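Below is one structure, written out as structure tokens; comments come after it.
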Ligand SMILES: NC(=O)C1=CN([C@@H]2O[C@H](COP(=O)(O)OP(=O)(O)OC[C@H]3O[C@@H](n4cnc5c(N)ncnc54)[C@H](OP(=O)(O)O)[C@@H]3O)[C@@H](O)[C@H]2O)C=CC1
Ligand SMILES: NC(=O)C1=CN([C@@H]2O[C@H](COP(=O)(O)OP(=O)(O)OC[C@H]3O[C@@H](n4cnc5c(N)ncnc54)[C@H](OP(=O)(O)O)[C@@H]3O)[C@@H](O)[C@H]2O)C=CC1
Ligand SMILES: C#CCN(Cc1ccc2[nH]c(N)nc(=O)c2c1)c1ccc(C(=O)N[C@@H](CCC(=O)O)C(=O)O)cc1
Ligand SMILES: C#CCN(Cc1ccc2[nH]c(N)nc(=O)c2c1)c1ccc(C(=O)N[C@H](CCC(=O)O)C(=O)O)cc1
Ligand SMILES: Nc1nc(=O)c2c([nH]1)NCC(CNc1ccc(C(=O)N[C@@H](CCC(=O)O)C(=O)O)cc1)=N2
Ligand SMILES: Nc1nc(=O)c2c([nH]1)NCC(CNc1ccc(C(=O)N[C@@H](CCC(=O)O)C(=O)O)cc1)=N2
Ligand SMILES: O=c1ccn([C@H]2C[C@H](O)[C@@H](COP(=O)(O)O)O2)c(=O)[nH]1
Ligand SMILES: O=c1ccn([C@H]2C[C@H](O)[C@@H](COP(=O)(O)O)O2)c(=O)[nH]1
């Protein structure tokens, strides 16, 4: 018995695989992939067979593929042995029987053509599916990959990769089929005896009804799962608790998330994330601005709630003007320890400029272990509309000249805050990198109180039902000399195809 | 063919399993284990059989064990027919013969006796060994569990558990003999992208540097949290120079978890000197920055960075020897206080975070703002050394335990890390006592996790020893103020470490 699996690359949304007899894109790595997986075998004396429609044969240029034996499906072509490494069959049904014969053939691959895919599937001929998702969407297709039958389940999803600014993705699907205990049993019993006295019971693995893409058990490589799985983890273990807002949450303490920034930009796809607001709040921080009006003026309202007259009055800052947030994130970054008056005052030269120092240090002493930025000032906490949630960040230059960032975040609203925080510190690191002459590295976020407000429960359940797509790419149109110079127009987001936005009320 | 497992509870160091015909300790949970493990079966119509020597039959009361069939090995006991759930045999070989029928009998267990354990092993009878390590030594034993054969390799090690202040854990040993689908794809994809695929930047450690390699899916003992971060840098650590003369191997952004409910995370694979740790902690707590006061008590961990040759080198030779400046203690009690010298009276100067902390944990426990920090941009220049364990957060569970999170920007795995873990396990226990809570969990998030090149051979020495159960740490009395804690107030129970490992600090 031998294996027969499909290999294909289609657009992420509509699954387009071709146009005018050609691929709709040019990605080396993907072909290098097709080659690697297609030649993969363990019997030297044997070879793999690659079935393909005639038109695809025309696209390949009718030349053989090294170490393999192409197999064309055509109504009209000769069965001669001009080339031993190429055979032809009148139909796909018959094309199978490489099993029946050819102990010289180890594995079979359907390299397709739409018609051929749609039949290999229709007749239950295929076992596995190697699918390369390409974030190239808005563009003419004449050939598409058939909708995957529900008898298949994804078991692997790779991280996102980049080529010519195009994001993409390797997935594997498999068909469903019928029907050492010692450790699991011992641990279970030990769990019955000790209850929550055994830490493991305090960190129970998420039940599948709340596990994203459950079928992917050992292949959760997409680093978007770092966020989706945290969501699951708290949905499963989160203790119910009251808080200052009056809207209770489910909270666990001390989690982590890593994201790569070398090959892509971590902007969540399982829901539409509004990146106009993340960047805008970012330079707003970078410039050391604490006037919430400047934000509202650019139609960004994320700080209105904690800026209103009532709330300010409620927390004892009734003297402030309608949106004077006090010495929050911006102020601490540019003027740590500055004596704060109002948002109208000029703070030029007052306080310690950490961002400026960070940059001068990253350039001059890169391997220095003190690249730190903090917003936690005990002396100023009472003047802040809100004490800083993402509390301090550390920056780290690799030997191969990338800039990575670590951020501890005391309080994290998984539904509303986190997506923003991820995109933000990714952008900040990139900006920092360009300005210091580096490439983006990795992003790691350490969370203290990781929670999900109880009025976000059905919305997050919704998001958890959507399988993640490839992360988009983010590029700067120009190299600026001063970090405080970036503008929205300077930003280019390439290949972002999120699921629909999901409304979620913030708790003031 | 049927499974044969041993079940035993022996002391961690000398393998003592008995004294004067009875167990040398009383641990309820362990018996519950024995009961659950030996009762565990698939077929309801079948039963398991427990083999034991006559003396064990004696100590067991000579009454049957519910739901199971006892098999007594005795040369003398009368082979009657009376109790259906108990049988006697004249030798081990013959009892096997459980294996050949009683298909009623699903699984087999050797519940031992020094003589029976020794024989089940000597004759290649056992497939598995369930071993409860009890952290009790320095007490008489007249019976022992034999030495584990080399044909056996550990596959599981539970976290440390606590009963009547006694530390203990659970292990499993297997015997040796002679879907790549996803893994193949990842390999190939790795070939194609190299360092571009994040996974290649985080390679799994080679087993030559992995502690106790046999335990693949069962490294539950959270000594592994540290030991594994160690081998993880050993595998990916980028060689790089540093302020000091000694280069380092490092990776960025790591984390470790530790349970503090059933045990105290004091590393066992190497003797850790907790006393210096304690003395440094109250020193911090007091808000003291005087390196002398530390040297006073024979604690020199800070002399290195307190020497005039060092203070001179960093442009601080302007002050007395060992006047470290506004460092940990000063920022904790007197954050943003204007530092002068280690002698002035700072009463009232600066924000008292430690005080606020205790007041908040008590008055508002669910509050998401229990933070303690040491990173003060304005003071960094006056410090003999900038803070390394930089800021922590504290957390009150609904079940009244206190958890702590720590972020170290810089972390010397061989020397500092072991100290930081213990230090904060203590600080959290203190806070919890003072605030009326129980110890919770400890998580350490690291920035620059590194290993100084002059520690390589020592750390590989450490990675060669299999971890032992964590000990327990108890306070002898309840204190009024958190700064009333004294060394004698601390009680370290059940700490049996491997020999200490000498490592030099990079000044
Ligand atoms: N992105 C990706 O992963 C891939 C994309 N592609 C793209 O797909 C396109 C080709 O798709 P498609 O148009 O389907 O062409 P195909 O490669 O599927 O070729 C179809 C041809 O195969 C023969 N054939 C098909 N069905 C039968 C049958 N039932 N019995 C006998 N012969 C049969 C016929 O040729 P005849 O008339 O000679 O009998 C038919 O014209 C190209 O644009 C190519 O670039 C191709 C492979 C992979
Ligand atoms: N920690 C733990 O998990 C356990 C500890 N223990 C401890 O171990 C001690 C008992 O061990 P031990 O002293 O070895 O006594 P055992 O329980 O091993 O029994 C020894 C007796 O078994 C019979 N016997 C043993 N070997 C043979 C043989 N080869 N042929 C015929 N008969 C044999 C003999 O009985 P006879 O004289 O009738 O022929 C012998 O006197 C107790 O102190 C108990 O507390 C026991 C079980 C578990
Ligand atoms: C972190 C952070 C920054 N912040 C600051 C901020 C301030 C107070 C907070 N308070 C609470 N309880 N949770 C938060 O996430 C939070 C976040 C945010 C504030 C609001 C939204 C928000 O409601 N976002 C909507 C976007 C609406 C839109 O952009 O049009 C969303 O659907 O995501 C996001 C981030
Ligand atoms: C973290 C921290 C606290 N500190 C403070 C401290 C200060 C500067 C440092 N510098 C460097 N490079 N590494 C450190 O771990 C370090 C630690 C420590 C200092 C010394 C030892 C140490 O040498 N411990 C013993 C040796 C001394 C003894 O015998 O007691 C050991 O061999 O383990 C441990 C912790
Ligand atoms: N995943 C996937 N991607 C594809 O582009 C693809 C596919 N599958 N299946 C069939 C197909 C049809 N088109 C093509 C085009 C070129 C080659 C090809 O050049 N194969 C050589 C490439 C050598 C290389 O790039 O290293 C091979 O050696 O496999 C194969 C199929 N293309
Ligand atoms: N791991 C281990 N610990 C032991 O103490 C132990 C062992 N294994 N193997 C054999 C043995 C011999 N002594 C004893 C003493 C009492 C019981 C006993 O009464 N067992 C009951 C306990 C029920 C309970 O405590 O919940 C049983 O139901 O099995 C068994 C063996 N003792
Ligand atoms: O950058 C931010 C701003 C704050 N929040 C969330 C954390 C909490 O849900 C709330 C802050 O409330 P406190 O933890 O301070 O009570 O807003 C974030 O997640 N990230
Ligand atoms: O609590 C501590 C005290 C400092 N060190 C180590 C970290 C480095 O090995 C060295 C300080 O190096 P810098 O990052 O400050 O250059 O001391 C620790 O690991 N933990």
field: Most to least packed among A:32-39, B:420-427 [average Cβ atoms within 10 Å]
entry: B:420-427, A:32-39
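Applying a 10 Å radius around every beta-carbon, put A:330-336, A:183-189, A:398-404 in order of their mean neighbour count, most first. Intermediate results must be reported in sequence, preceding the final value.
Numbers: A:330-336: 24.0, A:183-189: 16.4, A:398-404: 18.3.
Sorting A:330-336, A:183-189, A:398-404 by mean packing, highest first, produces A:330-336, A:398-404, A:183-189.
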- request: Compute the relative contact order of the stretch B:1-176 as a whole-number percentage, counting only Cα pairs closer than 8 Å that sit 6 or more residues apart in sequence.
  value: 32 percent
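Taking each residue in A:198-207, count the Cβ atoms of any other chain within 10 Å of its Cβ, then average. What number comes out?
Mean inter-chain Cβ contacts per residue within 10 Å come to 3.
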- prompt: Rounded, prolate or oblate: which one fits the stretch A:1-176, using the alpha carbon gyration tensor with axes a ≥ b ≥ c (rounded when a/c is under 1.5, else prolate when a/b beats b/c, else oblate)?
  reply: prolate
statement: By the C-alpha gyration tensor axes a ≥ b ≥ c (rounded if a/c is under 1.5, else prolate when a/b exceeds b/c, else oblate), the shape of the stretch B:321-446 is oblate
- line: Cβ density ranking, 10 Å radius, fewest first, applied to B:66, A:178 yields A:178, B:66
- prompt: Rounded to the nearest 5, what % of the DSSP beta bridges within the protein assembly as shown are antiparallel ones?
  reply: 55 percent
- prompt: Counting alpha carbon pairs within less than 8 Å and at least 6 residues apart, what relative contact order, in whole percent, applies to the stretch B:224-507?
  reply: 26 percent
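In peptide B:247-253, how many Cβ atoms from other protein chains are near each Cβ within 10 Å, on average?
Taking the mean over all residues of the peptide, I get 5.
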- line: For the stretch B:357-507, one quarter of the surface area of the C-alpha convex hull, expressed in nm², comes to 11.2 nm²
query: At what distance in nm do the modelled label points of residue B:400 and residue A:458 sit from each other, each positioned 7 Å from its Cα along Cα→Cβ?
result: 3.7 nm
message: As a test of the formula, what do you get for chain A when each DSSP H run with n ≥ 4 contributes -39,500 (n - 2.57) and the sum is divided by the residue count, at 222 nm and rounded to the nearest 500 deg cm²/dmol?
response: -7000 deg cm²/dmol
query: Along the three principal axes, how long is chain A when you take its alpha carbons, biggest first, rounded to the nearest angstrom?
result: 90, 62, 40
query: For the residue pair residue B:153 and residue A:508, what label-to-label distance in nm results when each label sits 7 Å from Cα along the Cα-to-beta-carbon direction?
result: 6.3 nm
statement: Check: C-alpha center the stretch A:428-464 vs C-alpha center the stretch A:271-330, spacing in Å is 19 Å
- line: So for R0 = 35 Å, FRET eff. of residue B:67-residue B:91 from the Cβ-Cβ r, to 0.05, ends up at 0.85
field: Anisotropy class of the stretch A:192-295 from Cα gyration tensor, a/c 1.5 cut
entry: oblate
field: Pairwise label distance in nanometres, residue A:482 with residue A:104, each label 7 Å out on the Cα-Cβ vector
entry: 7.3 nm
- request: Sticking to Cα atoms, compute the Rg of the stretch B:224-507 to one decimal and its Dmax as the biggest Cα-Cα distance, whole number, in Å.
  value: 18.5, 51
- prompt: By counting other Cβ atoms within 10 Å of each Cβ, how are B:139, B:182 ranked from fewest to most?
  reply: B:139, B:182
message: Just to confirm my numbers, what's the Cα centroid distance between the stretch B:202-264 and the stretch B:82-153 in Å?
response: 37 Å
statement: Bridge orientation stat for chain B from DSSP, antiparallel percent rounded to 5, came to 60 percent
message: Calculate the FRET efficiency for residue A:244 and residue B:184 from the Cβ-Cβ distance with a Förster distance of 60 Å, rounded to the nearest 0.05.
response: 0.70
query: Okay, which of the stretch B:10-44 sit inside 15 Å, backbone N to the point 7 Å along the Cα-Cβ direction of residue B:139?
result: B:10-31
- line: Exposure-ranked with fewest Cβ neighbours within 10 Å first, A:142, B:288 stand as A:142, B:288
statement: Long-range alpha-carbon pairs in the protein assembly as shown, meaning those over 36 Å apart, account in percent for 60 percent
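When we count neighbours, we look across all protein chains shown, and the Cβ atoms used for this are built from the backbone with ideal geometry, even at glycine. Readers should treat all values here as calculations from the given coordinates under stated rules, not as data from a laboratory.
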